[PDB]
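Data block for protein_20.pdb (PDB, C-alpha atoms):
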```pdb
ATOM      1  CA  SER A   2     175.255 127.684  40.921
ATOM      2  CA  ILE A   3     173.804 127.529  37.328
ATOM      3  CA  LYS A   4     174.983 124.538  35.342
ATOM      4  CA  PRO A   5     174.697 124.943  31.506
ATOM      5  CA  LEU A   6     173.814 122.083  29.348
ATOM      6  CA  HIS A   7     174.948 120.875  25.924
ATOM      7  CA  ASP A   8     176.569 123.863  24.050
ATOM      8  CA  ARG A   9     175.143 126.620  26.271
ATOM      9  CA  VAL A  10     177.598 129.081  27.747
ATOM     10  CA  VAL A  11     177.193 131.413  30.764
ATOM     11  CA  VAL A  12     178.813 134.815  30.307
ATOM     12  CA  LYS A  13     179.210 137.668  32.762
ATOM     13  CA  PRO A  14     178.935 140.948  30.967
ATOM     14  CA  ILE A  15     181.910 143.216  31.441
ATOM     15  CA  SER A  35     177.195 143.501  20.535
ATOM     16  CA  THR A  36     178.732 143.483  24.086
ATOM     17  CA  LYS A  37     181.881 141.978  25.719
ATOM     18  CA  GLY A  38     181.805 139.518  28.583
ATOM     19  CA  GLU A  39     183.682 136.695  30.252
ATOM     20  CA  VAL A  40     182.924 133.008  30.208
ATOM     21  CA  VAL A  41     181.914 131.888  33.608
ATOM     22  CA  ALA A  42     180.535 128.332  32.799
ATOM     23  CA  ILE A  43     180.348 125.961  29.861
ATOM     24  CA  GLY A  44     178.194 123.030  28.898
ATOM     25  CA  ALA A  45     179.468 119.459  28.579
ATOM     26  CA  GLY A  46     178.910 119.663  24.850
ATOM     27  CA  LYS A  47     176.194 119.234  22.302
ATOM     28  CA  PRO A  48     175.417 115.515  21.901
ATOM     29  CA  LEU A  49     176.080 114.089  18.474
ATOM     30  CA  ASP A  50     174.109 111.544  16.401
ATOM     31  CA  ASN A  51     177.047 109.232  16.430
ATOM     32  CA  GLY A  52     177.129 109.010  20.213
ATOM     33  CA  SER A  53     179.709 111.683  21.178
ATOM     34  CA  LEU A  54     179.688 115.239  22.440
ATOM     35  CA  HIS A  55     180.733 118.188  20.408
ATOM     36  CA  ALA A  56     183.519 119.626  22.522
ATOM     37  CA  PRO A  57     183.059 123.398  23.312
ATOM     38  CA  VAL A  58     185.439 125.830  21.673
ATOM     39  CA  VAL A  59     185.424 128.205  24.608
ATOM     40  CA  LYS A  60     186.652 127.860  28.101
ATOM     41  CA  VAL A  61     185.990 129.401  31.421
ATOM     42  CA  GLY A  62     187.940 132.578  31.630
ATOM     43  CA  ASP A  63     187.645 133.498  27.948
ATOM     44  CA  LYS A  64     186.692 137.042  27.188
ATOM     45  CA  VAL A  65     184.128 136.958  24.335
ATOM     46  CA  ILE A  66     181.976 139.161  22.202
ATOM     47  CA  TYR A  67     178.333 138.404  21.573
ATOM     48  CA  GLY A  68     175.210 140.156  20.377
ATOM     49  CA  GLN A  69     173.905 142.544  22.919
ATOM     50  CA  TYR A  70     170.523 140.713  22.931
ATOM     51  CA  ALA A  71     171.664 137.090  22.258
ATOM     52  CA  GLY A  72     170.447 134.388  24.660
ATOM     53  CA  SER A  73     168.655 134.709  28.004
ATOM     54  CA  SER A  74     169.473 136.708  31.090
ATOM     55  CA  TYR A  75     169.415 135.277  34.535
ATOM     56  CA  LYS A  76     170.439 137.016  37.754
ATOM     57  CA  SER A  77     172.133 135.535  40.742
ATOM     58  CA  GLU A  78     173.181 137.195  43.972
ATOM     59  CA  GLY A  79     172.308 140.357  42.118
ATOM     60  CA  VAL A  80     174.827 139.646  39.288
ATOM     61  CA  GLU A  81     173.186 139.470  35.835
ATOM     62  CA  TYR A  82     174.415 136.673  33.587
ATOM     63  CA  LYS A  83     173.635 135.616  30.019
ATOM     64  CA  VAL A  84     173.060 132.039  28.881
ATOM     65  CA  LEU A  85     173.984 131.906  25.200
ATOM     66  CA  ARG A  86     174.411 129.178  22.674
ATOM     67  CA  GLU A  87     178.050 128.890  21.595
ATOM     68  CA  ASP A  88     176.780 130.003  18.185
ATOM     69  CA  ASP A  89     175.819 133.368  19.682
ATOM     70  CA  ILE A  90     179.519 134.052  20.488
ATOM     71  CA  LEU A  91     181.190 135.960  17.739
ATOM     72  CA  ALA A  92     184.825 135.861  18.809
ATOM     73  CA  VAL A  93     187.205 134.988  21.595
ATOM     74  CA  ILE A  94     189.183 138.128  22.449
ATOM     75  CA  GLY A  95     191.495 136.658  25.026
TER      76      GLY A  95
END
```

Would you kindly transcribe this structure into structure tokens?
Amino acid sequence: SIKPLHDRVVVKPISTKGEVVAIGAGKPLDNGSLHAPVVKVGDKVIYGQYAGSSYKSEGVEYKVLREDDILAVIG
């Protein structure tokens, strides 16, 4: 259900690994555009074990991170 904003990313856990489950539209820029995200739904990612905020849904725990919390796309 959760819809991330700006450059927020929702990750399902699976430093810790996890998959990208939702992505924001993009951080707004001064100059009137959005910074396009550099991750996509489906990406497996690594992030700091305690980066961002948790939020549970249907008993699944998710993380809402800033893109800057994401170290690396793994595949």

What do you get, as a PyMOL selection string, if you spell out every residue that the PyMOL selection byres ((chain A and resi 80) around 12) selects here? chain A and resi 12-15+41+74-79+81-83

Starting from the displayed file, determine the output of the PyMOL selection byres ((chain A and resi 94) around 9) and express the residue list as a PyMOL selection string. chain A and resi 37+63-66+92-93+95

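Residue nearest residue 11 in chain A within the list A:59, A:50, A:84, A:44: A:84 [criterion: smallest interatomic distance, all atoms listed in the file].
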
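Taking CA of residue 55 in chain A and CA of residue 8 in chain A as the two end points, the separation is 7.9 Å.
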
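Look at residue 7 in chain A: the protein and nucleic acid residues within 7 Å of it, using all atoms listed in the file and passing over chain neighbours fewer than 4 places away, are residues 44, 45, 46, 47 and 48 of chain A.
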
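CA of residue 36 in chain A is found 23.3 Å from CA of residue 2 in chain A.
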
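Considering the residues A:68, A:54, A:73, A:91 and counting all atoms listed in the file, residue 35 in chain A has its shortest atom-to-atom contact with A:68.
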
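With only C-alpha atoms as the basis for measurement, A:61 is the residue among A:85, A:71, A:90, A:61 that approaches residue 40 in chain A most closely.
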
Here CA of residue 9 in chain A and CA of residue 43 in chain A stand apart by 6.4 Å

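With all atoms listed in the file as the atoms that count, the residue of A:3, A:42, A:87, A:51 with the shortest distance to residue 67 in chain A is A:87.
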
Padding of 6 Å on every side, edges along x, y and z, all listed atoms of range 42-61 of chain A included: what centre and edge lengths in Å, to one decimal, does that box have, as lines of an AutoDock Vina configuration file?
```
center_x = 180.4
center_y = 119.2
center_z = 24.6
size_x = 24.5
size_y = 32.4
size_z = 28.4
```

Out of A:89, A:58, A:53, A:4, which residue has the shortest atom-to-atom distance to residue 70 in chain A when counting all atoms listed in the file? A:89

With distances taken over all atoms listed in the file, the candidate from A:69, A:62, A:52, A:57 nearest residue 6 in chain A is A:57
